[PDB]
Amino acid sequence: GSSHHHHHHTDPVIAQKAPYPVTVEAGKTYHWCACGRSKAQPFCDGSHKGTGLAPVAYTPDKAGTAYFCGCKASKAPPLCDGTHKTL
Ligand code: FES
Ligand code: FES
């Protein structure tokens, strides 16, 4: 939401204004927390229940480091696209 006045209970919250780097395995599906509520960031732990928000599945083609979005405002979820810098 562009509006800055209020947090609505269905809005994502920032976990941190910085990515969560994670070494990922090729072909394994990761479930990114889109809501900011998970206690196991950057991954969903079911805490989204009650907000209407939902995790995003991410299956990398190859092994490497994925910089998952921590601020929850990336325009290219689930990965950091730098939006945290201006959020
Ligand atoms: S805990 Fe945040 S999307 Fe599931
Ligand atoms: S942590 Fe969200 S865009 Fe970088």
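FYI, the numbering just counts along the sequence from 1. Heavy-atom basis, side chains included; hydrogens, waters and symmetry copies ignored.
Scanning all heavy atoms of the two residues, the minimum distance from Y30 to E25 falls at OH-N, 2.9 Å. Of all the heavy atoms in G36 and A15, the pair that sits closest is O-CB, 4.3 Å.
Hydrophobic clustering (ILVMFWY, side-chain heavy atoms < 4.5 Å, transitive): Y67 and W32 are in distinct clusters.
For residues 76-87, no pair satisfies salt bridge (charged side-chain N to carboxylate O under 4.0 Å, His left out), with sequence neighbours left out.
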query: Does the pair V22 and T65 meet the rule for a side chain to side chain contact (heavy atoms under 4.5 Å, CB included), with working shown?
result: CA-CA 5 Å; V22 182; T65 302; over 6 Å; no
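Enclosure of atom NE2 in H7 by more than 12 non-hydrogen atoms of other residues, nucleotides or ligands within 6.0 angstrom is indicated.
The line from NZ of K17 to SG of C69 is 12.5 Å long, rounded to the nearest 0.5 Å.
Residues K72 and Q16 bring no donor and acceptor atom of their side chains to less than 3.5 Å of each other.
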Sequence neighbours excluded and cut-off under 3.5 Å, please list the side-chain donor-acceptor pairs for residues 45-53, or say none.
| unit_1 | atom_1 | unit_2 | atom_2 | d |
| --- | --- | --- | --- | --- |
| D45 | OD1 | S38 | OG | 3.4 |
| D45 | OD1 | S47 | N | 3.1 |
| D45 | OD1 | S47 | OG | 2.6 |
| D45 | OD2 | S38 | OG | 3.4 |
| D45 | OD2 | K39 | N | 2.9 |
| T51 | OG1 | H48 | O | 2.7 |
| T51 | OG1 | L53 | N | 3.0 |

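Side chain of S74 to main chain of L79: a donor-acceptor pair is present (N/O by atom type, distance under 3.5 Å, no hydrogens or angles).
Using bins of under 30°, 30° to 60° and over 60° for the plane-to-plane angle, the ring pair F43/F68 lands in the perpendicular bin.
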